[PDB]
There are 2 protein chains.
Amino acid sequence: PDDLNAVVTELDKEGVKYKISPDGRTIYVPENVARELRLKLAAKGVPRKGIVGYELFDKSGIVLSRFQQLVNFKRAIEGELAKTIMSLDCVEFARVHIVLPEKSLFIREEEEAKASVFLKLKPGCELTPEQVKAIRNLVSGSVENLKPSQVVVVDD
Amino acid sequence: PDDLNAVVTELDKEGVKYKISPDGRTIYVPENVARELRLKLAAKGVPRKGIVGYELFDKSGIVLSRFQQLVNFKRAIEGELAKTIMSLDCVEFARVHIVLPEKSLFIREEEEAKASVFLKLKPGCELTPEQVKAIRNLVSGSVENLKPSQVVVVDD
């Protein structure tokens with residue numbers, strides 16, 4: 001019962017079909033509701049941004065909204081990249097976040113993207129500059145508007 | 001494209017509110033009114049490539065909607081995969097399309113996805129069984145919930 005009280009009590013008033021995951025950190029709300037909650041919660045609670053928007057609700061599951069599908073696909077791409085990075089002996093855990101351009105200038109043909117890689121390394125192990133460079137090229141190789149020099153790798 | 005003239009007349013009826021770029025394929029429309037739009041002209045209308053949803057507009061550029069950003073990312077991912085497949089040059093042109101899972105049951109994290117690979121080959125060359133398998137592995141390697149067997153490869 002952590003932090004869920006703030007939203008569920010203000011959503012209990014309207015009376016729309018919502019329910020909490022068996023865990024207790026993932027909520028399921030309509031897409032029109034999730035669109036109002038994603039930006040506000042991202043500034044508030046950060047965990048995996050576990051807010052799922054649906055198009056149709058059922059007791060067994062949900063029909064994902066189109067937006068939620070695209071969100072899930074992005075994180076799936078990032079999860080796969082992180083999985084490859086974790087194949088490194090020194091790397092125990094890895095997380096990849098690709099930053100998408102929010103604007104599009106008519107003066108430019110292409111908008112540049114950014115990317116951050118967070119690594120939990122093995123206590124005694126340490127990455128070489130060539131291995132880090134391999135990481136930058138791996139992530140940037142996924143899309144055309146992302147270059148290795150815009151991929152930042154940090155040890156958290 | 002003459003298809004654009006069939007969608008600028010569709011909006012000329014609906015709400016009369018749009019923005020045509022100096023480029024002949026790109027059409028700018030607010031996200032809130034592009035939300036109901038793409039659901040309509042889905043069948044025999046547009047591959048929704050030209051339609052771009054924004055939050056704000058001026059003569060120097062636009063603020064991309066979060067939805068549009070995710071849409072562009074998916075196409076960029078597919079475009080990059082297609083670019084790699086086209087590096088064979090036996091394949092003159094390639095189009096990659098990943099179909100996202102529509103449902104999320106409460107007893108399972110994520111369902112399985114599928115993908116279609118549209119290939120345009122040169123009249124002489126023909127794909128080898130090893131190459132086809134490599135194509136399926138390349139596309140399926142993008143996300144965890146996509147298997148090589150669920151990737152169909154066709155020859156346009």
# chains A, B, ... in the order shown; residues from 1 in each chain; ligands from 1
>>> closest_atom_pairs(of="chain B", to="chain A", cutoff="9 Å", atoms="only C-alpha atoms", output="JSON lines")
{"residue": "B:21", "atom": "CA", "partner": "A:106", "partner_atom": "CA", "distance": 8.8}
{"residue": "B:54", "atom": "CA", "partner": "A:103", "partner_atom": "CA", "distance": 8.8}
{"residue": "B:59", "atom": "CA", "partner": "A:106", "partner_atom": "CA", "distance": 8.0}
{"residue": "B:60", "atom": "CA", "partner": "A:106", "partner_atom": "CA", "distance": 5.8}
{"residue": "B:61", "atom": "CA", "partner": "A:105", "partner_atom": "CA", "distance": 4.2}
{"residue": "B:62", "atom": "CA", "partner": "A:104", "partner_atom": "CA", "distance": 5.3}
{"residue": "B:63", "atom": "CA", "partner": "A:103", "partner_atom": "CA", "distance": 4.4}
{"residue": "B:64", "atom": "CA", "partner": "A:103", "partner_atom": "CA", "distance": 5.1}
{"residue": "B:65", "atom": "CA", "partner": "A:102", "partner_atom": "CA", "distance": 7.3}
{"residue": "B:66", "atom": "CA", "partner": "A:102", "partner_atom": "CA", "distance": 7.5}
{"residue": "B:67", "atom": "CA", "partner": "A:67", "partner_atom": "CA", "distance": 6.3}
{"residue": "B:69", "atom": "CA", "partner": "A:100", "partner_atom": "CA", "distance": 6.6}
{"residue": "B:70", "atom": "CA", "partner": "A:70", "partner_atom": "CA", "distance": 5.8}
{"residue": "B:71", "atom": "CA", "partner": "A:70", "partner_atom": "CA", "distance": 6.9}
{"residue": "B:73", "atom": "CA", "partner": "A:74", "partner_atom": "CA", "distance": 7.6}
{"residue": "B:74", "atom": "CA", "partner": "A:70", "partner_atom": "CA", "distance": 7.4}
{"residue": "B:76", "atom": "CA", "partner": "A:143", "partner_atom": "CA", "distance": 5.6}
{"residue": "B:77", "atom": "CA", "partner": "A:143", "partner_atom": "CA", "distance": 5.5}
{"residue": "B:78", "atom": "CA", "partner": "A:143", "partner_atom": "CA", "distance": 8.6}
{"residue": "B:79", "atom": "CA", "partner": "A:143", "partner_atom": "CA", "distance": 7.9}
{"residue": "B:80", "atom": "CA", "partner": "A:143", "partner_atom": "CA", "distance": 5.7}
{"residue": "B:81", "atom": "CA", "partner": "A:142", "partner_atom": "CA", "distance": 8.1}
{"residue": "B:100", "atom": "CA", "partner": "A:69", "partner_atom": "CA", "distance": 6.5}
{"residue": "B:101", "atom": "CA", "partner": "A:69", "partner_atom": "CA", "distance": 7.3}
{"residue": "B:102", "atom": "CA", "partner": "A:64", "partner_atom": "CA", "distance": 5.6}
{"residue": "B:103", "atom": "CA", "partner": "A:63", "partner_atom": "CA", "distance": 4.5}
{"residue": "B:104", "atom": "CA", "partner": "A:62", "partner_atom": "CA", "distance": 5.4}
{"residue": "B:105", "atom": "CA", "partner": "A:61", "partner_atom": "CA", "distance": 3.9}
{"residue": "B:106", "atom": "CA", "partner": "A:61", "partner_atom": "CA", "distance": 5.0}
{"residue": "B:107", "atom": "CA", "partner": "A:60", "partner_atom": "CA", "distance": 7.7}
{"residue": "B:141", "atom": "CA", "partner": "A:80", "partner_atom": "CA", "distance": 7.9}
{"residue": "B:142", "atom": "CA", "partner": "A:77", "partner_atom": "CA", "distance": 6.0}
{"residue": "B:143", "atom": "CA", "partner": "A:77", "partner_atom": "CA", "distance": 5.4}
{"residue": "B:144", "atom": "CA", "partner": "A:80", "partner_atom": "CA", "distance": 6.3}
{"residue": "B:145", "atom": "CA", "partner": "A:76", "partner_atom": "CA", "distance": 8.1}
>>> write_last_selection(atoms="N, CA, C and O atoms", output="tab-separated table (two decimals), in the first residue's frame")
chain	number	residue	atom	x	y	z
B	21	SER	N	2.88	21.26	-44.92
B	21	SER	CA	4.29	21.61	-45.04
B	21	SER	C	4.67	21.88	-46.50
B	21	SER	O	4.00	21.38	-47.40
B	54	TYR	N	0.85	17.14	-33.32
B	54	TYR	CA	1.62	18.09	-32.52
B	54	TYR	C	0.83	18.64	-31.34
B	54	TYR	O	-0.38	18.46	-31.25
B	59	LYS	N	5.70	28.77	-37.45
B	59	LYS	CA	6.34	28.73	-38.76
B	59	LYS	C	7.77	28.17	-38.72
B	59	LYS	O	8.37	27.93	-39.76
B	60	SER	N	8.29	27.97	-37.51
B	60	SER	CA	9.67	27.50	-37.37
B	60	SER	C	9.75	26.04	-36.91
B	60	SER	O	10.83	25.45	-36.90
B	61	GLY	N	8.62	25.46	-36.54
B	61	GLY	CA	8.60	24.07	-36.11
B	61	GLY	C	7.41	23.70	-35.25
B	61	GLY	O	6.48	24.49	-35.06
B	62	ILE	N	7.42	22.47	-34.72
B	62	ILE	CA	6.33	21.98	-33.89
B	62	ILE	C	6.83	21.30	-32.62
B	62	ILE	O	7.97	20.84	-32.55
B	63	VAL	N	5.96	21.25	-31.62
B	63	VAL	CA	6.19	20.43	-30.44
B	63	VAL	C	5.51	19.08	-30.64
B	63	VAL	O	4.28	19.00	-30.64
B	64	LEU	N	6.30	18.03	-30.82
B	64	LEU	CA	5.76	16.70	-31.07
B	64	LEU	C	4.97	16.17	-29.89
B	64	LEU	O	5.38	16.31	-28.74
B	65	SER	N	3.82	15.56	-30.18
B	65	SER	CA	3.04	14.90	-29.14
B	65	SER	C	3.76	13.64	-28.69
B	65	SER	O	4.50	13.03	-29.46
B	66	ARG	N	3.56	13.26	-27.43
B	66	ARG	CA	4.20	12.08	-26.87
B	66	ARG	C	3.84	10.83	-27.68
B	66	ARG	O	4.66	9.93	-27.86
B	67	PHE	N	2.61	10.80	-28.16
B	67	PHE	CA	2.13	9.70	-28.99
B	67	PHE	C	2.91	9.63	-30.30
B	67	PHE	O	3.32	8.56	-30.73
B	69	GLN	N	5.87	10.83	-30.94
B	69	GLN	CA	7.26	10.47	-30.65
B	69	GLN	C	7.43	8.95	-30.63
B	69	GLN	O	8.37	8.41	-31.22
B	70	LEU	N	6.52	8.28	-29.94
B	70	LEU	CA	6.54	6.83	-29.83
B	70	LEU	C	6.27	6.17	-31.18
B	70	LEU	O	6.84	5.12	-31.49
B	71	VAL	N	5.40	6.79	-31.97
B	71	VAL	CA	5.11	6.31	-33.31
B	71	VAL	C	6.36	6.40	-34.19
B	71	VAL	O	6.71	5.45	-34.89
B	73	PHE	N	9.44	6.52	-33.18
B	73	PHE	CA	10.45	5.61	-32.66
B	73	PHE	C	10.28	4.21	-33.21
B	73	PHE	O	11.24	3.56	-33.60
B	74	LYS	N	9.03	3.74	-33.23
B	74	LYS	CA	8.72	2.42	-33.75
B	74	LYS	C	9.10	2.30	-35.22
B	74	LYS	O	9.68	1.31	-35.65
B	76	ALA	N	11.30	4.19	-36.74
B	76	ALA	CA	12.75	4.33	-36.81
B	76	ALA	C	13.43	3.00	-36.55
B	76	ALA	O	14.40	2.63	-37.23
B	77	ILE	N	12.93	2.27	-35.56
B	77	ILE	CA	13.42	0.93	-35.24
B	77	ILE	C	13.26	0.00	-36.44
B	77	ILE	O	14.18	-0.72	-36.82
B	78	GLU	N	12.07	0.03	-37.04
B	78	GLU	CA	11.77	-0.79	-38.20
B	78	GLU	C	12.57	-0.34	-39.42
B	78	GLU	O	13.02	-1.16	-40.22
B	79	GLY	N	12.72	0.98	-39.56
B	79	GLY	CA	13.48	1.54	-40.66
B	79	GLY	C	14.94	1.14	-40.62
B	79	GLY	O	15.56	0.87	-41.65
B	80	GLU	N	15.50	1.08	-39.41
B	80	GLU	CA	16.89	0.68	-39.22
B	80	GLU	C	17.09	-0.79	-39.54
B	80	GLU	O	18.08	-1.18	-40.16
B	81	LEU	N	16.13	-1.62	-39.11
B	81	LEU	CA	16.16	-3.04	-39.41
B	81	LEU	C	16.06	-3.28	-40.91
B	81	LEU	O	16.75	-4.13	-41.47
B	100	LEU	N	2.42	-5.38	-32.55
B	100	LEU	CA	2.48	-5.37	-31.09
B	100	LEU	C	1.32	-6.16	-30.47
B	100	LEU	O	0.22	-6.16	-31.01
B	101	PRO	N	1.59	-6.84	-29.34
B	101	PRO	CA	0.55	-7.54	-28.59
B	101	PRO	C	-0.57	-6.59	-28.17
B	101	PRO	O	-0.29	-5.46	-27.77
B	102	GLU	N	-1.81	-7.04	-28.27
B	102	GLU	CA	-2.96	-6.18	-28.01
B	102	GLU	C	-3.49	-6.33	-26.58
B	102	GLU	O	-4.13	-5.42	-26.06
B	103	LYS	N	-3.23	-7.47	-25.96
B	103	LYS	CA	-3.78	-7.76	-24.64
B	103	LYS	C	-2.70	-7.99	-23.60
B	103	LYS	O	-1.57	-8.36	-23.92
B	104	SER	N	-3.06	-7.77	-22.34
B	104	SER	CA	-2.17	-8.01	-21.21
B	104	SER	C	-2.95	-8.65	-20.07
B	104	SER	O	-3.63	-7.97	-19.31
B	105	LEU	N	-2.86	-9.97	-19.96
B	105	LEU	CA	-3.57	-10.71	-18.92
B	105	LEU	C	-2.91	-10.50	-17.56
B	105	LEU	O	-1.71	-10.27	-17.48
B	106	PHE	N	-3.71	-10.58	-16.51
B	106	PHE	CA	-3.22	-10.32	-15.16
B	106	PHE	C	-2.36	-11.46	-14.62
B	106	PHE	O	-1.74	-11.33	-13.56
B	107	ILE	N	-2.31	-12.57	-15.35
B	107	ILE	CA	-1.53	-13.72	-14.94
B	107	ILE	C	-0.24	-13.86	-15.75
B	107	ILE	O	0.44	-14.88	-15.68
B	141	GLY	N	15.40	-10.41	-32.86
B	141	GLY	CA	16.40	-10.07	-31.86
B	141	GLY	C	16.19	-8.69	-31.27
B	141	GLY	O	16.89	-8.29	-30.34
B	142	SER	N	15.22	-7.95	-31.81
B	142	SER	CA	14.95	-6.59	-31.35
B	142	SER	C	14.28	-6.58	-29.98
B	142	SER	O	14.61	-5.75	-29.13
B	143	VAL	N	13.33	-7.49	-29.77
B	143	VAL	CA	12.63	-7.57	-28.49
B	143	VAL	C	12.53	-9.02	-28.01
B	143	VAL	O	12.69	-9.96	-28.78
B	144	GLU	N	12.25	-9.18	-26.72
B	144	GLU	CA	12.22	-10.51	-26.10
B	144	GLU	C	10.96	-11.28	-26.48
B	144	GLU	O	11.00	-12.49	-26.67
B	145	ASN	N	9.84	-10.57	-26.58
B	145	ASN	CA	8.55	-11.20	-26.86
B	145	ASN	C	8.31	-11.43	-28.35
B	145	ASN	O	7.16	-11.52	-28.80
>>> residues_around(residues="residue 29 of chain B", least_positions_apart="4", cutoff="7 Å", atoms="only C-alpha atoms", output="PyMOL selection string")
chain B and resi 18-19+34+51-54
>>> calpha_fit_rmsd(fixed="chain A", moving="chain B")
2.2 Å
>>> closest_residue(among="A:85, A:16, A:90, A:96", to="residue 125 of chain A", atoms="only C-alpha atoms")
A:90
>>> select_by_dssp(residues="segment 34-88 of chain B", states="strand (DSSP E or B)", output="list in words")
residues 51, 52, 53, 54, 55, 56, 57, 58, 61, 62, 63 and 64 of chain B
>>> write_last_selection(atoms="N, CA and C atoms", output="mmCIF file, in the first residue's frame")
data_model
loop_
_atom_site.group_PDB
_atom_site.id
_atom_site.type_symbol
_atom_site.label_atom_id
_atom_site.label_comp_id
_atom_site.auth_asym_id
_atom_site.auth_seq_id
_atom_site.Cartn_x
_atom_site.Cartn_y
_atom_site.Cartn_z
ATOM 1 N N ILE B 51 0.890 11.878 -41.643
ATOM 2 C CA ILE B 51 0.168 12.506 -40.541
ATOM 3 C C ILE B 51 1.060 12.660 -39.312
ATOM 4 N N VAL B 52 1.237 13.901 -38.869
ATOM 5 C CA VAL B 52 2.067 14.190 -37.705
ATOM 6 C C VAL B 52 1.290 14.975 -36.651
ATOM 7 N N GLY B 53 1.132 14.378 -35.474
ATOM 8 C CA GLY B 53 0.412 15.011 -34.383
ATOM 9 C C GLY B 53 1.295 15.912 -33.540
ATOM 10 N N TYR B 54 0.845 17.143 -33.317
ATOM 11 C CA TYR B 54 1.619 18.092 -32.525
ATOM 12 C C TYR B 54 0.830 18.641 -31.341
ATOM 13 N N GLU B 55 1.539 19.306 -30.436
ATOM 14 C CA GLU B 55 0.916 19.984 -29.307
ATOM 15 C C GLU B 55 0.875 21.485 -29.569
ATOM 16 N N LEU B 56 1.890 21.975 -30.275
ATOM 17 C CA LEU B 56 1.997 23.386 -30.626
ATOM 18 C C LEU B 56 2.585 23.545 -32.024
ATOM 19 N N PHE B 57 2.199 24.615 -32.711
ATOM 20 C CA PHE B 57 2.675 24.860 -34.068
ATOM 21 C C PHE B 57 3.057 26.319 -34.291
ATOM 22 N N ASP B 58 4.152 26.526 -35.016
ATOM 23 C CA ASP B 58 4.487 27.838 -35.557
ATOM 24 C C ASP B 58 5.253 27.662 -36.865
ATOM 25 N N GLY B 61 8.618 25.457 -36.538
ATOM 26 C CA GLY B 61 8.596 24.069 -36.112
ATOM 27 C C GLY B 61 7.405 23.696 -35.248
ATOM 28 N N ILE B 62 7.425 22.474 -34.722
ATOM 29 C CA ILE B 62 6.332 21.980 -33.892
ATOM 30 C C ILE B 62 6.827 21.303 -32.618
ATOM 31 N N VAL B 63 5.957 21.250 -31.616
ATOM 32 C CA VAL B 63 6.195 20.427 -30.440
ATOM 33 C C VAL B 63 5.506 19.083 -30.638
ATOM 34 N N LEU B 64 6.299 18.032 -30.822
ATOM 35 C CA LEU B 64 5.759 16.702 -31.075
ATOM 36 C C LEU B 64 4.966 16.169 -29.888
#
>>> select_by_dssp(residues="chain A", states="helix (DSSP H, G or I)", output="PyMOL selection string")
chain A and resi 5-11+31-44+66-85+129-140+148-150
>>> residues_around(residues="residue 46 of chain A", least_positions_apart="6", cutoff="12 Å", atoms="only C-alpha atoms", output="list in words")
residues 3, 25, 38, 39 and 40 of chain A
>>> write_last_selection(atoms="C-alpha atoms", output="mmCIF file, in the first residue's frame")
data_model
loop_
_atom_site.group_PDB
_atom_site.id
_atom_site.type_symbol
_atom_site.label_atom_id
_atom_site.label_comp_id
_atom_site.auth_asym_id
_atom_site.auth_seq_id
_atom_site.Cartn_x
_atom_site.Cartn_y
_atom_site.Cartn_z
ATOM 1 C CA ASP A 3 1.705 5.885 -2.762
ATOM 2 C CA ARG A 25 2.954 -0.981 -7.535
ATOM 3 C CA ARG A 38 1.908 9.692 -16.653
ATOM 4 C CA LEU A 39 3.541 13.138 -16.736
ATOM 5 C CA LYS A 40 2.453 14.044 -13.204
#
